[PDB]
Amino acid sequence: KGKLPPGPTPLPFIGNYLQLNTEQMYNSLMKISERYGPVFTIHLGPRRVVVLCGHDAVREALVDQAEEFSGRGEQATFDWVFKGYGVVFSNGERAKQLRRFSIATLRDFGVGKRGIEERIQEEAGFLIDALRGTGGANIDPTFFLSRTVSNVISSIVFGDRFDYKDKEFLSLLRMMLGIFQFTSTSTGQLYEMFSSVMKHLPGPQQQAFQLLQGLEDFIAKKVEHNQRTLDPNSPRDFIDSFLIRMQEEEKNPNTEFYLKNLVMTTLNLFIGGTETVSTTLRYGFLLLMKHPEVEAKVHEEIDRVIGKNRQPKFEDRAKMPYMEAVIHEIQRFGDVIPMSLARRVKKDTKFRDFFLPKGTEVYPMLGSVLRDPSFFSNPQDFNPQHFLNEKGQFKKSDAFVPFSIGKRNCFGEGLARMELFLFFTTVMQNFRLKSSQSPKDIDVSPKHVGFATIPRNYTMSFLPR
């Protein structure tokens, strides 16, 4: 045909706003998909976006035409502070440079190696101490989890961990939780369509901007301190490494290594490496309380393979297919970043007999892949069997895409998987979970879904085993 994917007819400026519900963007798009097909065009306000639903559409685009779909689209709330700088929201040469440097630097600081594994085990031990500190009292686990997770990436980018009592640290965590919540609310999704007017109006979006500004200021302050104490031959952390590269590049007028990219990249890693893992852990504990029989099975596996004395280690995962299926099912059910981060076609593109002009934004509907009925027997239920064959051995799924896929996929994926495995296992090895309500009354549907999937607020107690 040589035309853009079909879709509902947009009105000037507002796009398809009248055919969408900002409080349930995912459901609004899936409903429209029923009518036009798995690949369709929607106009989010003035943004023309091709929506990809289901495994096949998503993989065909992001992997089979990986380079064509390798551009970065927008997320308006985040672009307010990033403005196209930094590794996540950048494009072209800038993205290419900052991504290659970031992956290399994370490796030099132990990601994917024994170095970061010992750092995560150590922090997991601090989480255990903190949980024993509650004496089995009913608590809100939110910041217990985020403080522990954040300290792993914080160790890498800032050189050391924050004290759990540090009040500025809790402040930063509140900013991150606050921004993920805002981008998942109806106003946050309304902002994705009308940022051109809303960025200048009073409202919830202004408080979200202040949380972002708060985080940027904190990073700019840490960078200044590292700067006036830097040893060019002995970097302490990600920031120092970047400063060193910036020194070497001072003679290149076209370098991507300058202050703004350092501040934005560091902020991307601090937020990306904190809130995503935190939200997954929080959701998973709630899911385990709703499903006690699954927790029991996890406990049997942990006691048999690891026992009660030594700390879990990452290699233990090879011997624990059940725990591996459970963590996969938590990320599949949790669907933390349901519409991924927008992509954009790098050049004029032919996709399934559709025409996608260069620059077209793309919404890979990750949640529609994680719940594809063609890949999981009961997509709407929490069931670790989705990741186990008949003998209870771990079984991979091509529809397991919570870190997305393709050329701009999550490069924090290895760190996240190690954190998820070591934190879930070390906590479950030491405690059994007690909910404040009968498992039948636990509501695991999400509190908000937009940019992220946020689970409902809850309290629980960690009882020593």
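So that there is no doubt, residue numbering starts at 1 and follows the sequence shown.
According to the PDB record, 353-361 carries the higher mean C-alpha B-factor of the two stretches 353-361 and 262-270.
Once the C-alpha B-factors are averaged per stretch, 175-183 and 292-300 rank with 292-300 first. Out of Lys347, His200, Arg99, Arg147, it is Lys347 whose C-alpha atom has the highest B-factor in the PDB entry.
Among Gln227, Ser278, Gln75, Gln213, the highest C-alpha B-factor in the deposited entry belongs to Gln227. For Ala124, the recorded CA B-factor ranks within the lowest third of the chain. Only modelled residues enter the ranking.
In the deposited entry, the Cα temperature factor of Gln311 places it in the highest third of its chain's modelled residues. Per the deposited record, the Cα B-factor of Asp381 falls in the highest third when ranked against the other modelled residues of its chain. Among all modelled residues in this chain, the alpha-carbon of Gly284 has a temperature factor (C-alpha) in the lowest third.
For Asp163, the recorded CA B-factor ranks within the middle third of the chain. Only modelled residues enter the ranking.
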